[PDB]
Amino acid sequence: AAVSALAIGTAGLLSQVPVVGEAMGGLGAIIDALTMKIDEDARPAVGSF
Amino acid sequence: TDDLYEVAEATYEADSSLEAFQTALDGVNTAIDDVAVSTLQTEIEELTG
């Protein structure tokens, strides 16, 4: 019970850290999608010209 | 870009050709009118007038 309490404690931190940090990694995909979006503006711009 | 700048050159060399129509074509129109016609009439006068 004690050793599992300790190991579930560490597993708590070592899953919270990924599931938060890689949510900010989902935000990474958002930021990168916004870069695709930004260059998808330059396409119409020079298109229009 | 390398369409549009050259579309620009295409428009500019359209315009340059199109101004050169006005000067070249009138260049032909003026080749004979100011030159042969009246002189032929004067030579008709001296021949036969």
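Residues numbered from 1 in each chain as written, not as in the entry; some residues may be left out. Chains lettered and ligands numbered in written order. Part of a larger assembly, values for the part shown. Heavy atoms only, no water.

Per the deposited record, determination of this structure is attributed to cryo-EM, with the resolution reported as 2.44 Å.

With the PDB entry as reference, chain B is termed Phate tail tape measure protein, source organism Haloferax tailed virus 1. The title field of the PDB entry reads "Tail of full Haloferax tailed virus 1".

Chain A appears in the PDB entry as Phate tail tape measure protein from Haloferax tailed virus 1.

> Hey, could you run me through the overall build of chain B in this one?
A tally of helices and strands in chain B yields one helix and zero strands. The C-alpha extent of chain B, read off along each of the three principal axes, is 70 × 10 × 5 Å. The buried share of chain B, taken over its 49 residues, is 4%. Here chain B displays about 4,300 Å² of accessible surface, and carbon together with sulfur accounts for 58% of that area. (Helix = DSSP H or I, 4+ residues; strand = E, 2+ residues; numbered from the N terminus. Buried < 20%, exposed > 50% of the residue type's maximum accessible area, 1.4 Å probe, protein only. Areas by Shrake-Rupley, 256 points an atom, 1.4 Å probe, with all protein chains shown as cover.)

> Whenever I open this one, a nonpolar patch on the surface confuses me. Can you help?
Residue and element names in this part refer to chain A. A cluster of nonpolar side chains, namely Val20, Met24, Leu27, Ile30, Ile31, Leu34 and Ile38, defines an oily patch on the protein surface of about 640 Å² accessible area. Of the residues forming the nonpolar patch, the biggest block, six residues, is contributed by helix α2 (residues 23-48). By secondary structure assignment, the location of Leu34 is in helix α2. Assessed through its relative accessible area of 46%, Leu34 is described here as partly exposed. (Patch = residues over 30% accessible without salt bridge, like charges linked within 9 Å, V, L, I, M, F, W, Y side chains within 5 Å. Salt bridge = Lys/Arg side-chain N within 4 Å of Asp/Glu carboxyl O.)

> For this particular structure, what's the right way to read the pattern of salt bridges?
Any two side chains of opposite charge can pair, so long as their charged atoms come close to each other. Residues and elements named next belong to chain A. Summed over all chains, the structure comprises one salt bridge over all chains. Two residues, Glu40 and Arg43, come together in a salt bridge whose shortest N-O distance is 2.7 Å. With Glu40 and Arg43 both in helix α2 and three residues apart, this pair spans about one turn of that helix. In this structure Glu40 comes out as partly exposed when scored by relative accessible area, which is 46%. In this structure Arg43 comes out as exposed when scored by relative accessible area, which is 62%.

> Before we go on, may I ask you to explain a negative patch on the surface in this structure?
Residues and elements named next belong to chain B. A surface patch of negative charge is lined by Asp2, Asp3, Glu6, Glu9, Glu13, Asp15 and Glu19. On the secondary structure map, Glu9 appears in helix α1 (residues 4-47). For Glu9, a relative accessible area of 39% puts it in the partly exposed group. (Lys, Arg positive; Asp, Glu negative; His and termini not counted. Charge placed at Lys NZ, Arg CZ, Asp CG, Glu CD.)

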